[PDB]
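Enquirer: My structure is below; once you've seen it, I'll send some questions.
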Amino acid sequence: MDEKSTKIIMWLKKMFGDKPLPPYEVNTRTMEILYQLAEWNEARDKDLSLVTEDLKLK
Amino acid sequence: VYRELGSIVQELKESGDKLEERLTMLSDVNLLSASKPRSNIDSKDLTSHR
């Protein structure tokens with residue numbers, strides 16, 4: 001739980017940049033949802049980067 | 399007679415050199431027909447890697 005939590009906090013820091021992370025209720029459910037979202041975003045960002053670079057080449 | 403023979407040898411030599419250069423060029427592996435596509439993806443093929 002401690003690893004997933006770290007991944008979420010890092011991911012939120014990346015998404016919100018220089019803006020202070022908004023306070024939210026940290027419970028088992030909110031963490032799971034955020035974790036799924038973080039995994040999904042990371043996987044999609046990777047895919048979109050590869051597509052964007054290819055389109056430049058094309 | 400020496401000058402005339404000398405000119406003929408030079409012409410034949412220049413032609414010979416130019417032929418060797420062209421043959422070397424035509425023997426380049428990249429120009430030679432459809433070698434069966436390579437089984438491995440070339441490092442230069444960025445699209446297939448992506």
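Sequence order for the protein chains is A and B. FYI, the authors' numbering numbers position 44 of the first sequence as 44, with every residue one higher than the one before it. Here the authors' numbering = 1-based position in the second sequence + 398. Virtual Cβ for every residue (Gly too), placed ideally from N, Cα, C.
#1: Given 8 Å as the limit, is there contact between the segment 13 to 33 of chain A and the segment 419 to 429 of chain B, that is, 3 or more CB pairs closer than that?
#2: Quick one: any contact between the segment 400 to 419 of chain B and the segment 10 to 17 of chain A, if contact means 3 or more CB pairs under 8 Å?
#3: Just to make sure I have the definition right: I need the residues of chain B whose C-beta is within less than 8 Å of the C-beta of A:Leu37. Which are they?
#4: How many whole angstroms separate the CB atoms of A:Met31 and A:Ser5, which I take to be in contact at a CB cut-off of 8 Å?
#5: Shortest alpha-carbon distance to B:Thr445 belongs to which of A:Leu55, A:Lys46, A:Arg44, A:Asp45?
#6: How would you write the range of the alpha helix (DSSP H) that A:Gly17 sits in, first residue to last?
#7: If you drop the 5 nearest sequence neighbours on each side, which residues of the same chain put their C-beta closer than 8 Å to that of B:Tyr400?
#8: With a threshold of 8 Å between beta-carbons, can B:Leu444 be considered close to chain A, or not?
Expert: Looking at the coordinates:
#1: no
#2: no
#3: Ordered by position in chain B, no residue passes the 8 Å Cβ test against A:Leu37, which lies about 25 Å from the chain.
#4: 7 Å
#5: A:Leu55
#6: Looking at the DSSP string, A:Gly17 is not in any alpha helix (DSSP H), and its letter there is neither H nor E.
#7: none
#8: yes
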